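First, one chain by itself in structure tokens, the form deposited in one PDB entry.
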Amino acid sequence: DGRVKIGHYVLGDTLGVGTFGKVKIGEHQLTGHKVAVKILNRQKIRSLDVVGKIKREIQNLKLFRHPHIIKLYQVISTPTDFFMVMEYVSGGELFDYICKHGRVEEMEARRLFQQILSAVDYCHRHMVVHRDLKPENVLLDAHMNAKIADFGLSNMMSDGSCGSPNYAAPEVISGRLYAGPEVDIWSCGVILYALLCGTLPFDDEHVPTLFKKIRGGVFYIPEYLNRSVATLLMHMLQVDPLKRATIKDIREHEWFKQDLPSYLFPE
């Protein structure tokens, strides 16, 4: 041979090095279809005692059907590794696009936020969340569609933006021993803000003062911003998660409902 071939795919460049192993671009030997293969070292899995958990994150992610969540095609099992054959998307990180292009048009921001909000709702409904939404893990494809890695502990990948603690919800910063789905609402509020303004709502070069602005919850609403989406942002970026907007609140908002495609929320 001479090449690392698993199943029908020949592995090539390394897209990133993560927890249980590297992620490499795969290429179907017969069709040429590009693919992203997560390599899960089984000895690493057994050292963390998450064997029964990973096999249920995989078996659960295998039953995921969402156009804006990274799809799992198949899992190939060798005695030493798990090979998760997953969708490859070449558009790069969403926030890398924003930090290089600036704000997008309001219709493009609405289309992308509706895709992201639908994927987040699908994960909260169809899986046991081991991760929270990382806005750095929001990818794009070649058609400018949002692609999200599921919230399982297998997707701890980010190797290979305008800040990093900027996407940390207040209850996460305060070390609250419990956190629910409202943490992802905050992150989506950060995402929506960057889509409409071109920057992050709480950005600060000094990290301690960055945490202070997040706890204060004061962010600059530009006057050019739509007055309706301003109310949505204020509701999503509430410091107190009890007063923070929910998915049903965002789904009912007049700005979110405009030109909403039918396939996103079949519920």
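Residue numbers here begin at 1 and follow the sequence given. Here the rigid core means the biggest group of C-alpha atoms that line up within 1.5 Å when the two forms are laid on top of each other.
Compared with other PDB entries of the same protein, residue 114 is present in all of those that resolve the residues around it, none of them, let alone a third, dropping it. In every other compared PDB entry of this protein that covers both flanking sides, residue 155 is modelled, so it falls short of the one-third threshold for missing coordinates. According to the record, 4 to 9 deposited residues between residue 160 and residue 161 are left without atomic coordinates. Once the C-alpha B-factors are averaged per stretch, 231 to 239 and 31 to 39 rank with 31 to 39 first. Comparing 219 to 227 with 64 to 72, the stretch with the higher mean C-alpha B-factor in the PDB entry is 64 to 72.
Across 154, 174, 114, 137, the entry's maximum B-factor at the CA atom is seen for 154. Per the PDB entry, 130 shows the highest C-alpha temperature factor of the residues 103, 143, 130, 100. The PDB entry assigns residue 186 a C-alpha temperature factor belonging to the lowest third of its chain's modelled residues. The PDB entry assigns residue 77 a C-alpha temperature factor belonging to the middle third of its chain's modelled residues. Annotation for residue 150: C-alpha temperature factor in the highest third relative to the rest of the modelled chain, per the entry. Annotation for residue 167: CA B-factor lies in the highest third of the chain's modelled residues.
The PDB entry assigns residue 200 a C-alpha temperature factor belonging to the lowest third of its chain's modelled residues.
Just so you know, the form deposited in another entry exists too; it's not on screen, but the next bit is about it.
Among the candidates 72, 129, 104, 188, displacement between this form and the one not shown reaches 2 angstroms at the C-alpha for one position only, 129 (superposition on the rigid core).
Compared with the form shown, the residue 248-residue 130 C-alpha separation decreases in the other entry, the change being 3 Å or greater.
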